[PDB]
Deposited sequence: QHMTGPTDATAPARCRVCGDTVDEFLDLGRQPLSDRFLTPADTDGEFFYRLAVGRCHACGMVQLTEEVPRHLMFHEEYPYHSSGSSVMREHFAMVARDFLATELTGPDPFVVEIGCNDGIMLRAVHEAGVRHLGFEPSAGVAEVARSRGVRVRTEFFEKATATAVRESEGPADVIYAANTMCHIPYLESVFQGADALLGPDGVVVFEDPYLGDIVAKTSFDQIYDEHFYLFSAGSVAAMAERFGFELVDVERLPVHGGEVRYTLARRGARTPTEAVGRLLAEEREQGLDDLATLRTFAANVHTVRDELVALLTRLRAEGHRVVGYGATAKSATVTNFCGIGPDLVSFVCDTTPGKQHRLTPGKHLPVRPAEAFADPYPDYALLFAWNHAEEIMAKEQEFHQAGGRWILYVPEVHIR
């Protein structure tokens, strides 16, 4: 029997079943292995409001806790991006004599750092206690708390109204959006905005990039779903922008209903989504057929390659890759190990399928399976050596192909 929509409570129509999955970032020490968590990863569309979402939630505190392993400042290009975000806010929203910006999911303080440094009052919400502490050491004010209604309301009471509430790669992790927006209601000034950027459903379908579907991406936002969501909560979609990062995102700007005028980009994106059928169950079924084809093809290839004695190695032990390995039944018998630059992932086995993770230097095989497809260019150039040697790259986004 079907899931209830986490926004409006109506029935969700499941369109893709990705099977039993581990938590995407629980890399196993061989010393433990035993009590590995699995859940059923599948995706559906609310029948009333069209919000695309997972049909089983992972409990928030099993993902967001004291050992949260994703550190934002690992990425130089993401450090640059969030500096730019900070500068953009200071030029446009945080222009007053004593403004205030709240960030949901501030992580190691990669964006709020630049706001603090501009002398602007701020507060991060970061429930993962470890990274929260990194943000604090860097001067950012942080509450080690989940942003929701009550926690947002107590910040209003002690610190006054916010001009901006920002969330980057965070809103799609939070099923309880109503509580989030009751929080925003309490906390924003009359003209304030909620601004969030997350993986975009349009790019997922166009690219068949189904490895964007894993535990921490409860929602696959579009302009259409976000607009309806907003409307339900007394908000309004007033700006949108497409971002190239993390495989394709949109940054959505909401204000309170009737408070701001929507930009021409909003209507434009809404019409694009409409003519492309992005709101149709039927389109999402085509996507799921395309995903099955990718699986069929990727498996057939890897098995052909093993029968012919070609060694295959994985490149990039991405959080996304968990979905591909578990969905495709790819274990050590089809890919011997995965090269990764993160030392907290090395000396360990990948979530669910338990591929050994070895350092980058281990790379120098006949074929390399490129899991970090969103950094393909960078990777293939760094490793020209390999492909000069007759090495070949198997990619599965947007299709199974070799290069």
{"query": "Stretches with no C-alpha atoms in the model, relative to the deposited sequence starting at 1", "finding": "1 to 10, 375 to 377"}
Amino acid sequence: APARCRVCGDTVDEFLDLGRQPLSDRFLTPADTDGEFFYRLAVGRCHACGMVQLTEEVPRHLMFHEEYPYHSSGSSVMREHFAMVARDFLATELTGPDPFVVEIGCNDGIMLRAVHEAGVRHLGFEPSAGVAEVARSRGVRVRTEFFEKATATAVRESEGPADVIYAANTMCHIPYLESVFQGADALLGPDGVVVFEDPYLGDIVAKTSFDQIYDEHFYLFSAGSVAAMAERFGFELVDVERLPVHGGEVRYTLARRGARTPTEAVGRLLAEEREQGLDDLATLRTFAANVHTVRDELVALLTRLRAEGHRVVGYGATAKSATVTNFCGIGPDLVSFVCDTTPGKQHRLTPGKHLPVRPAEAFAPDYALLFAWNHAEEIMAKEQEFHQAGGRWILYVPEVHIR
From here on, numbers count along this sequence of modelled residues.
| property | result |
| --- | --- |
| Between the two ranges 39 to 47 and 369 to 377, the one averaging a larger CA B factor in the entry | 369 to 377 |
| Segment of higher mean CA temperature factor, 61 to 69 or 336 to 344 | 336 to 344 |
| C-alpha B-factor winner, where the candidates are 137, 225, 209, 169 | 137 |
| Residue selected from 312, 266, 298, 114 by maximal Cα B factor | 312 |
| Residue 30 CA temperature factor, ranked by third within the chain | highest |
| Modelled-residue ranking by C-alpha temperature factor, third containing residue 362 | highest |
| Residue 320 by Cα B-factor - lowest, middle or highest third of the modelled chain | middle |
| Position of residue 395 among the chain's modelled residues by C-alpha B-factor, lowest, middle or highest third | highest |
| Assigned third (lowest, middle, highest) for the C-alpha B factor of residue 121 | lowest |
